[PDB]
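What follows is a single chain, given as structure tokens, in the form deposited in one PDB entry.
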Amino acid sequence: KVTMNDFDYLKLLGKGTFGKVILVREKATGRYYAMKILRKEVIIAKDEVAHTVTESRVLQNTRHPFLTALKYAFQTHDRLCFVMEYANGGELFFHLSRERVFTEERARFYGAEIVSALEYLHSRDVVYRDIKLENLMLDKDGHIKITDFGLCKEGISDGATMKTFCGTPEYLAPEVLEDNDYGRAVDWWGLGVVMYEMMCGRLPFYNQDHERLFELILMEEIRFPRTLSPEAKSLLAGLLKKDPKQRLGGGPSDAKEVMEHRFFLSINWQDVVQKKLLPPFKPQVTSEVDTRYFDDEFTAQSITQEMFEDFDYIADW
């Protein structure tokens, strides 16, 4: 049994509407984790129960080096807490904003890890649906860790479809902006957007007004920098194909199509998951409490069932 009192609460790492993430130390072990704390009252009143139970189930039933693992999930009378592996290197969003653009080789390393994580997810019948720079963290070694599983859909195999209008606006696949249902190829669209941001230094489609933004996504052709390699242009054009049936990854073989693309020719896929590749950037933290890869905006801030049947959990690691 796990309680709030089993932890020291050190720094705010992130803060959504529906909760906050705090850097915590487990007192008995001296180990550090990221705790997501949600308020039950808010979760219930705002109809976020299904998403929260889904994130719990997904985290309970996945194990992969490029997904953040769940150590403990527990509840109190007014809170739900997820204790997860702490990604010390912060969000890819942090890094890309600092550096403006990544080399193709650096984007390839991250892209390959994301492809492996997506492959694994789809193999567990999970569609992730929210690939974006904020949800892609770096661990202490510089490997990708996908976080935030609340928008996942489970039990999606092969060509099964989904109906919920969800994700993040700037990253929505064109089929999601049409009526009716969509399949798992939405995840390859999201990879293409993040890859495009990594190698081109901006979103492929952007407007502050969601009506204009969604028009661009549906109707505008993407542009490439003249000096992007032909293989990177081809990868991006393939993942950002508007028709999911023509999209790279959109066919029956799903991730395999992406892994086979010439952009990834140099990648040994069997080695990606075994983490034999030296990452192109190791976070230079000087302590487990060093939050230099997280925004001051958050880290400066001080920190003063039936329905939830499938929630609680203790890992076998």
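Numbering starts at 1 and runs along the sequence shown. Here the rigid core means the biggest group of C-alpha atoms that line up within 1.5 Å when the two forms are laid on top of each other.
Across the other entries compared, at least a third leave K46 without coordinates even though the residues on each side are present. Compared against other deposited entries of this protein, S234 counts as consistently modelled, with coordinates in all of those that resolve the residues around it and thus below the third mark.
Per the record, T304 and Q305 are separated by 10 or more deposited residues that have no coordinates. In this entry, 305-313 shows the higher mean Cα temperature factor of the pair 5-13 and 305-313. Across the two stretches, 68-76 and 107-115, the PDB entry reports the greater mean Cα temperature factor for 68-76. Of the candidates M259, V273, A50, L248, the PDB record gives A50 the highest C-alpha temperature factor. Take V58, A255, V42, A34 and read off each C-alpha B-factor from the entry; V42 has the highest. When the CA B factors of the chain's modelled residues are split into thirds, the value for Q208 lands in the highest one.
Annotation for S234: CA B-factor lies in the middle third of the chain's modelled residues. When the modelled residues of the chain are ordered by their C-alpha B factor, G159 lands in the highest third. Per the PDB record, residue ranking by Cα B-factor puts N88 in the middle third of the chain.
There is also a form deposited in another entry; it is not shown, and the following applies to it.
Core-based superposition between the shown form and the other one shows that, of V272, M35, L248, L67, only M35 has its Cα displaced by 2 Å or more.
Relative to the superposed core, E105 undergoes a Cα shift smaller than 2 Å between the shown form and the other one.
A displacement of 2 angstroms or greater separates the C-alpha positions of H210 between the shown form and the other one, with the rigid core held in common. Core-aligned CA deviation for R226 between the shown form and the other one: less than 2 Å. Inter-residue distance, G16 to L96 (Cα): increased by at least 3 Å in the other form versus the depicted form.
CA of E215 to CA of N207: farther apart by 3 Å or more in the other form than in the shown form.
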